[PDB]
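Data file: structure21.cif. Format and content: mmCIF, C-alpha atoms and all ligand atoms.
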data_model
loop_
_atom_site.label_atom_id
_atom_site.label_comp_id
_atom_site.auth_asym_id
_atom_site.auth_seq_id
_atom_site.Cartn_x
_atom_site.Cartn_y
_atom_site.Cartn_z
CA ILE A 19 51.68 32.87 11.33
CA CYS A 20 49.56 29.74 10.73
CA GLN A 21 46.11 28.56 11.78
CA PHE A 22 44.70 25.02 11.75
CA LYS A 23 41.35 23.43 12.58
CA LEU A 24 41.67 20.50 14.98
CA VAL A 25 39.05 18.06 16.28
CA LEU A 26 39.21 15.54 19.13
CA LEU A 27 37.22 12.31 18.90
CA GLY A 28 36.91 9.29 21.12
CA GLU A 29 34.75 7.28 23.48
CA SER A 30 33.33 9.08 26.49
CA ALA A 31 35.63 9.29 29.53
CA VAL A 32 38.89 8.56 27.68
CA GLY A 33 40.13 12.07 28.52
CA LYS A 34 39.49 14.33 25.51
CA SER A 35 38.48 17.38 27.56
CA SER A 36 41.36 16.81 29.94
CA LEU A 37 43.85 16.71 27.05
CA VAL A 38 42.54 19.99 25.61
CA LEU A 39 42.42 21.64 29.05
CA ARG A 40 46.02 20.64 29.74
CA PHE A 41 47.27 21.97 26.38
CA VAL A 42 45.18 25.15 26.26
CA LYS A 43 45.12 26.16 29.94
CA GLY A 44 47.72 23.88 31.52
CA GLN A 45 44.98 22.63 33.86
CA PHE A 46 43.81 19.12 34.78
CA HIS A 47 40.57 18.51 36.65
CA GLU A 48 40.26 15.11 38.35
CA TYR A 49 36.57 16.04 38.37
CA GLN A 50 35.71 16.77 34.74
CA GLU A 51 32.08 16.95 33.51
CA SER A 52 31.17 14.88 30.44
CA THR A 53 30.90 17.13 27.39
CA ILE A 54 27.49 17.84 25.88
CA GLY A 55 27.82 18.16 22.11
CA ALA A 56 31.15 19.98 21.79
CA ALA A 57 33.37 22.64 23.39
CA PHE A 58 35.65 25.07 21.59
CA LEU A 59 39.10 26.25 22.67
CA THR A 60 42.07 27.94 21.00
CA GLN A 61 45.80 27.93 21.70
CA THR A 62 48.71 29.73 20.07
CA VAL A 63 52.18 28.16 20.04
CA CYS A 64 55.65 29.02 18.77
CA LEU A 65 56.88 26.52 16.21
CA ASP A 66 60.19 26.92 14.37
CA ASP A 67 59.82 30.57 13.27
CA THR A 68 56.06 30.19 12.79
CA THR A 69 53.28 31.15 15.20
CA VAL A 70 50.61 28.46 14.99
CA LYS A 71 47.09 29.03 16.28
CA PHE A 72 44.98 25.96 17.01
CA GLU A 73 41.20 26.03 16.65
CA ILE A 74 40.16 23.02 18.70
CA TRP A 75 36.78 21.31 18.76
CA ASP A 76 36.44 19.00 21.76
CA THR A 77 33.52 16.69 20.92
CA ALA A 78 31.34 14.78 23.36
CA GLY A 79 32.25 11.08 23.13
CA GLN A 80 28.84 9.67 24.03
CA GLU A 81 27.22 7.69 21.22
CA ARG A 82 24.10 9.88 21.27
CA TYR A 83 26.26 12.68 19.84
CA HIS A 84 27.88 10.53 17.14
CA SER A 85 25.59 11.95 14.44
CA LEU A 86 26.95 15.47 15.20
CA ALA A 87 30.64 14.52 14.81
CA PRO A 88 30.81 15.39 11.06
CA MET A 89 29.94 19.02 11.88
CA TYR A 90 33.26 19.20 13.69
CA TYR A 91 35.53 17.01 11.57
CA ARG A 92 34.38 17.97 8.05
CA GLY A 93 36.60 21.05 7.85
CA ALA A 94 39.31 19.80 10.19
CA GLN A 95 42.92 19.78 9.01
CA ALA A 96 43.83 17.45 11.88
CA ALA A 97 42.17 15.09 14.32
CA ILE A 98 43.25 13.41 17.52
CA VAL A 99 41.42 10.15 18.14
CA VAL A 100 41.73 9.39 21.85
CA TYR A 101 41.55 6.10 23.71
CA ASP A 102 42.25 4.98 27.30
CA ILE A 103 45.22 2.61 27.62
CA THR A 104 43.42 0.95 30.54
CA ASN A 105 40.40 0.04 28.40
CA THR A 106 40.61 -2.25 25.35
CA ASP A 107 37.07 -1.29 24.28
CA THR A 108 38.01 2.39 23.96
CA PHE A 109 40.90 1.31 21.69
CA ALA A 110 38.54 -0.67 19.43
CA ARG A 111 36.20 2.35 19.35
CA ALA A 112 39.10 4.63 18.38
CA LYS A 113 39.80 2.40 15.37
CA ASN A 114 36.25 3.01 14.14
CA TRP A 115 36.68 6.76 14.57
CA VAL A 116 39.80 6.44 12.40
CA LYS A 117 37.91 4.42 9.77
CA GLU A 118 35.20 7.08 9.72
CA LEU A 119 37.70 9.94 9.32
CA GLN A 120 39.59 8.13 6.56
CA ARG A 121 36.29 7.61 4.74
CA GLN A 122 34.32 10.85 5.39
CA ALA A 123 36.86 13.50 6.52
CA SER A 124 39.18 15.60 4.33
CA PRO A 125 41.44 13.28 2.25
CA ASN A 126 44.48 15.23 3.43
CA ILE A 127 43.63 15.40 7.14
CA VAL A 128 46.42 14.57 9.61
CA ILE A 129 45.16 11.89 12.00
CA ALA A 130 46.83 11.48 15.39
CA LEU A 131 46.15 8.63 17.83
CA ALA A 132 46.44 9.31 21.57
CA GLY A 133 46.65 6.49 24.10
CA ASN A 134 45.62 8.56 27.12
CA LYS A 135 45.81 7.85 30.88
CA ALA A 136 49.27 6.35 30.34
CA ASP A 137 50.06 7.39 33.91
CA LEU A 138 47.94 4.40 35.04
CA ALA A 139 50.64 1.89 34.05
CA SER A 140 49.52 -0.72 36.59
CA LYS A 141 46.09 -0.82 34.91
CA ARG A 142 47.24 -0.96 31.28
CA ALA A 143 45.07 -3.06 28.96
CA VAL A 144 46.44 -1.93 25.59
CA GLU A 145 50.13 -2.62 24.96
CA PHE A 146 52.08 0.26 23.41
CA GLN A 147 53.43 -2.06 20.70
CA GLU A 148 49.97 -3.05 19.49
CA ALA A 149 48.81 0.55 19.23
CA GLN A 150 52.07 1.53 17.47
CA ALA A 151 51.70 -1.21 14.82
CA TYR A 152 48.06 -0.24 14.30
CA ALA A 153 49.07 3.42 13.89
CA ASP A 154 51.93 2.54 11.52
CA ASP A 155 49.63 0.38 9.38
CA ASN A 156 47.13 3.23 9.11
CA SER A 157 49.54 6.18 8.89
CA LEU A 158 48.52 7.72 12.20
CA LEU A 159 50.66 10.00 14.39
CA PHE A 160 50.73 7.93 17.60
CA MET A 161 51.73 8.90 21.13
CA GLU A 162 50.78 7.69 24.59
CA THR A 163 49.73 10.68 26.71
CA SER A 164 48.64 11.74 30.17
CA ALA A 165 46.50 14.82 30.71
CA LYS A 166 47.11 14.19 34.42
CA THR A 167 50.93 14.39 34.38
CA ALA A 168 51.04 16.35 31.10
CA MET A 169 53.15 13.60 29.51
CA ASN A 170 53.37 14.11 25.73
CA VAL A 171 50.43 16.52 25.71
CA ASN A 172 52.29 19.52 24.36
CA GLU A 173 54.35 17.09 22.28
CA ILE A 174 51.41 15.57 20.40
CA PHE A 175 49.88 18.95 19.41
CA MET A 176 53.32 20.21 18.38
CA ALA A 177 54.08 17.13 16.28
CA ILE A 178 50.74 17.66 14.53
CA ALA A 179 51.55 21.32 13.86
CA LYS A 180 54.91 20.34 12.33
CA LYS A 181 53.16 17.99 9.92
CA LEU A 182 50.55 20.51 8.83
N1 LIG B 201 44.63 9.24 35.62
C1 LIG B 201 44.18 9.97 34.60
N2 LIG B 201 42.90 10.38 34.58
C2 LIG B 201 42.61 11.11 33.48
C3 LIG B 201 43.46 11.44 32.45
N3 LIG B 201 42.80 12.20 31.49
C4 LIG B 201 41.58 12.30 31.96
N4 LIG B 201 41.39 11.67 33.16
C5 LIG B 201 40.16 11.61 33.97
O1 LIG B 201 39.18 10.83 33.28
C6 LIG B 201 37.87 11.38 33.51
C7 LIG B 201 37.21 11.77 32.18
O2 LIG B 201 37.96 12.79 31.53
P1 LIG B 201 37.29 13.78 30.48
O3 LIG B 201 38.33 14.68 29.98
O4 LIG B 201 36.05 14.32 31.07
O5 LIG B 201 36.89 12.67 29.37
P2 LIG B 201 36.20 12.92 27.92
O6 LIG B 201 36.84 11.98 26.95
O7 LIG B 201 36.34 14.36 27.71
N5 LIG B 201 34.61 12.56 28.13
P3 LIG B 201 33.30 12.90 27.19
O8 LIG B 201 33.71 12.38 25.86
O9 LIG B 201 32.18 12.17 27.82
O10 LIG B 201 33.16 14.36 27.28
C8 LIG B 201 38.07 12.60 34.39
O11 LIG B 201 37.89 12.20 35.74
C9 LIG B 201 39.52 12.97 34.18
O12 LIG B 201 40.04 13.63 35.34
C10 LIG B 201 44.80 11.01 32.48
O13 LIG B 201 45.67 11.23 31.63
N6 LIG B 201 45.08 10.27 33.61
MG MG B 202 34.76 15.93 27.33
#

Would you put the structure from the file into structure tokens?
Amino acid sequence: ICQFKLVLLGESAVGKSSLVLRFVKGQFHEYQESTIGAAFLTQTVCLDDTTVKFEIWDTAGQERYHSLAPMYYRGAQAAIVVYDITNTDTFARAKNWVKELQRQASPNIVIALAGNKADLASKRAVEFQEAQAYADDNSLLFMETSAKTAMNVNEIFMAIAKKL
């Protein structure tokens, strides 16, 4: 049995709450309310002979809550920095979340990068290749996801668990 602390960070509206909701409850709400501060959820999965329990901190992406982020990532063993593939700005913002983690978070924290809303292919702004190269250059576990279709949602959390 294993337990890990996980934190989600990213610009507001990229889909952090939706990703957690899909993984923890298998639900997706087209009408999701912006998070105020942070929400907490847990999920237990079966991973190669080991039962892993995830303690997830879903932070509010709005800038006015930025100063509170350390409270959630300081003791985190893993982080998922989320961006919206349809918005280049959210990708740039995700890079700064990564820089912050790499500089102020645990030196041994596993950092994942999630290009969310990948189901909106006809509105893509960030090419998969660019995000992959960025992730490879910064040693980030990258995956394009979709809380809406569930694409790679379970996969990203599981890949993180395997590396912990
Ligand atoms: N098409 C599509 N919409 C998505 C996806 N993930 C989230 N959304 C939608 O995007 C909107 C914002 O999602 P939400 O989870 O609230 O974003 P957030 O990053 O948690 N926001 P905040 O940081 O402000 O709390 C919601 O309408 C949600 O339904 C996805 O994979 N695909
Ligand atoms: Mg939210």

Counting all atoms listed in the file, which protein, DNA or RNA residues come within 6 Å of ligand MG 202 (chain B), given as a ChimeraX atom specification?
/A:34-35,52-53,78

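Comparing the minimum interatomic distances between ligand LIG 201 (chain B) and each of A:32, A:127, A:26, A:19, counting all atoms listed in the file, we find that A:32 sits nearest.
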
Draw an axis-aligned box tight on the listed atoms of ligand LIG 201 (chain B), then pad every side by 3 Å and write out centre and edge lengths in Å to one decimal as JSON.
{"center_x": 38.9, "center_y": 12.0, "center_z": 30.8, "size_x": 19.5, "size_y": 11.4, "size_z": 15.9}

Closest atom pairs, residues of segment 37-115 of chain A within 7 Å of segment 167-177 of chain A, all atoms listed in the file, as CSV:
residue,atom,partner,partner_atom,distance
A:37,CA,A:171,CA,6.7
A:40,CA,A:168,CA,6.7
A:41,CA,A:172,CA,5.9

Can you tell me which residues surround residue 128 of chain A at a distance of at most 10 Å, considering all atoms listed in the file, apart from same-chain residues fewer than 5 positions away, and format the answer as a short mmCIF file (atom, residue, chain, number, x, y, z; two decimals) with C-alpha atoms, in the frame of the given file?
data_model
loop_
_atom_site.label_atom_id
_atom_site.label_comp_id
_atom_site.auth_asym_id
_atom_site.auth_seq_id
_atom_site.Cartn_x
_atom_site.Cartn_y
_atom_site.Cartn_z
CA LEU A 24 41.67 20.50 14.98
CA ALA A 94 39.31 19.80 10.19
CA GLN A 95 42.92 19.78 9.01
CA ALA A 96 43.83 17.45 11.88
CA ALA A 97 42.17 15.09 14.32
CA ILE A 98 43.25 13.41 17.52
CA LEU A 119 37.70 9.94 9.32
CA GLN A 120 39.59 8.13 6.56
CA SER A 157 49.54 6.18 8.89
CA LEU A 158 48.52 7.72 12.20
CA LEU A 159 50.66 10.00 14.39
CA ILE A 178 50.74 17.66 14.53
CA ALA A 179 51.55 21.32 13.86
CA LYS A 181 53.16 17.99 9.92
CA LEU A 182 50.55 20.51 8.83
#

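Among A:89, A:103, A:20, A:123, the residue with the shortest atom-to-atom distance to residue 140 of chain A, counting only C-alpha atoms, is A:103.
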
Counting all atoms listed in the file, the option among A:77, A:62, A:85, A:45 closest to ligand LIG 201 (chain B)
A:77

For each of A:65, A:164, A:39, A:91, take the minimum atom-to-atom distance to residue 121 of chain A, counting all atoms listed in the file, then give the residue where this is smallest.
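That would be A:91, the residue with the smallest distance to residue 121 of chain A.
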
Nearest residue to ligand LIG 201 (chain B) from the set A:110, A:27, A:129, A:161 (distances using only C-alpha atoms and all ligand atoms):
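Counting only C-alpha atoms and all ligand atoms, the residue closest to ligand LIG 201 (chain B) is A:27.
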
Within 9 Å of residue 55 of chain A, counting all atoms listed in the file, which residues qualify if same-chain residues fewer than 4 places away don't, as a list in words?
residues 76, 77, 78, 79, 80, 83, 86 and 87 of chain A

Taking all atoms listed in the file into account, which of A:50, A:147, A:106, A:156 comes nearest residue 130 of chain A?
A:156

How many Å lie between atom CA of residue 114 of chain A and atom CA of residue 29 of chain A, rounded to one decimal?
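These atoms are spaced 10.4 Å apart.
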
Report, in Å with one decimal, the straight-line distance from atom CA of residue 105 of chain A to atom CA of residue 31 of chain A.
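Atom CA of residue 105 of chain A sits 10.5 Å away from atom CA of residue 31 of chain A.
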
One decimal, Å: what's the distance from atom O12 of ligand LIG 201 (chain B) over to atom CA of residue 81 of chain A, could you say?
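Separation between atom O12 of ligand LIG 201 (chain B) and atom CA of residue 81 of chain A: 20.0 Å.
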
As a list in words, please: the residues near residue 72 of chain A (cut-off 8 Å, all atoms listed in the file, same-chain neighbours under 3 positions excluded).
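The residues satisfying every condition are residues 21, 22, 23, 24, 60, 61 and 62 of chain A.
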
Could you pull the residues within 12 Å of residue 143 of chain A, counting all atoms listed in the file, minus those fewer than 5 positions along the same chain, as a PDB file with C-alpha atoms, in the coordinates of the input?
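Result saved to selection15.pdb:
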ATOM      1  CA  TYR A 101      41.550   6.100  23.710  1.00  0.00           C
ATOM      2  CA  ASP A 102      42.250   4.980  27.300  1.00  0.00           C
ATOM      3  CA  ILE A 103      45.220   2.610  27.620  1.00  0.00           C
ATOM      4  CA  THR A 104      43.420   0.950  30.540  1.00  0.00           C
ATOM      5  CA  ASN A 105      40.400   0.040  28.400  1.00  0.00           C
ATOM      6  CA  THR A 106      40.610  -2.250  25.350  1.00  0.00           C
ATOM      7  CA  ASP A 107      37.070  -1.290  24.280  1.00  0.00           C
ATOM      8  CA  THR A 108      38.010   2.390  23.960  1.00  0.00           C
ATOM      9  CA  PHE A 109      40.900   1.310  21.690  1.00  0.00           C
ATOM     10  CA  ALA A 110      38.540  -0.670  19.430  1.00  0.00           C
ATOM     11  CA  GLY A 133      46.650   6.490  24.100  1.00  0.00           C
ATOM     12  CA  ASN A 134      45.620   8.560  27.120  1.00  0.00           C
ATOM     13  CA  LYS A 135      45.810   7.850  30.880  1.00  0.00           C
ATOM     14  CA  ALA A 136      49.270   6.350  30.340  1.00  0.00           C
ATOM     15  CA  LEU A 138      47.940   4.400  35.040  1.00  0.00           C
ATOM     16  CA  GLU A 148      49.970  -3.050  19.490  1.00  0.00           C
ATOM     17  CA  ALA A 149      48.810   0.550  19.230  1.00  0.00           C
TER      18      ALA A 149
END
